[PDB]
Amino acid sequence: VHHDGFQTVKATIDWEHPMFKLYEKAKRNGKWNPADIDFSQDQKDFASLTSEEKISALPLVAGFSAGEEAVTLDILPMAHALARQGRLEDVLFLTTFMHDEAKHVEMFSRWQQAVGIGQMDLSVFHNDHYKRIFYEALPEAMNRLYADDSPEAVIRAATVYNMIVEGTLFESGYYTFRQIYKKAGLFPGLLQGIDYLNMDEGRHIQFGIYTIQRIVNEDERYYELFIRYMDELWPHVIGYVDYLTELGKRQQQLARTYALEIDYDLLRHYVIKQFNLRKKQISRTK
């Protein structure tokens, strides 16, 4: 449907808008290029691994590649909904969000190619709970926005996308990967990639917090909605975590070899901790 007018012809960008300020930061700090990462050492490292050390790494890489791909694709409806509501600064910021995700998908896919598992189908490490979140709930909640951009639909989208997928699962997965492979001294290029990624994702969660909070601010009721959508997903979050935990426990060599005490009961608590932490960034009134 038509345009009514244009904000930058009638007025200007709102230079003080919190999302314009996040946009300015995204440009300043968003310069990294996955094509510049030297993966030659990751290649040698992965080859040097035994065939069962090799698979120890792959479940997490399978959850991330798919994860980054899904969120690259599934942010588009948010951008549309907010655009149609006239929230131009939000939209400007979301262009950097989307391009960041594109680079995240790119980065993992380059790592897979370079270490020589590009031809390998990693779908086999997505259990039913992973599919529920990434193959199903994430795209259902975002796509809904094309026909329903009610406060309730926008809170639920930002909750599933930003608070659970990015704010709980990805955050914990970055922590985990660094806890394990940084201590072993493995996969320097990938870890460099993860670090850049982790920095981008700091902005992304700030958009979700801003979005959920500005809706909650209109009406307290929406707070209980937020808490509820969080608790609804939790079973699928921990059920993916158990599945991974249980995979990694039946492969103990890399932990033995590189001699790393993978405290699964410490990772598990980080997930639990991230989740509660996200709840605390939304207040019933603010």
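Heads up: residue numbers just count along the shown sequence, starting at 1.
Once the C-alpha B-factors are averaged per stretch, 161-169 and 178-186 rank with 178-186 first. Stretches 29-37 and 49-57 differ in mean C-alpha B factor, with the higher average recorded for 49-57. Comparing the listed residues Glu106, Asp121, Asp74, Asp100, the entry records the largest Cα B-factor for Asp121.
In the PDB entry, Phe125 places in the highest third of its chain by CA B-factor. Ranked within its chain, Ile272 lands in the middle third, by CA B factor from the PDB record. In this PDB entry, the Cα temperature factor of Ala11 sits in the middle third of its chain's modelled residues.
Ranked by C-alpha B-factor against the other modelled residues of its chain, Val216 falls in the highest third.
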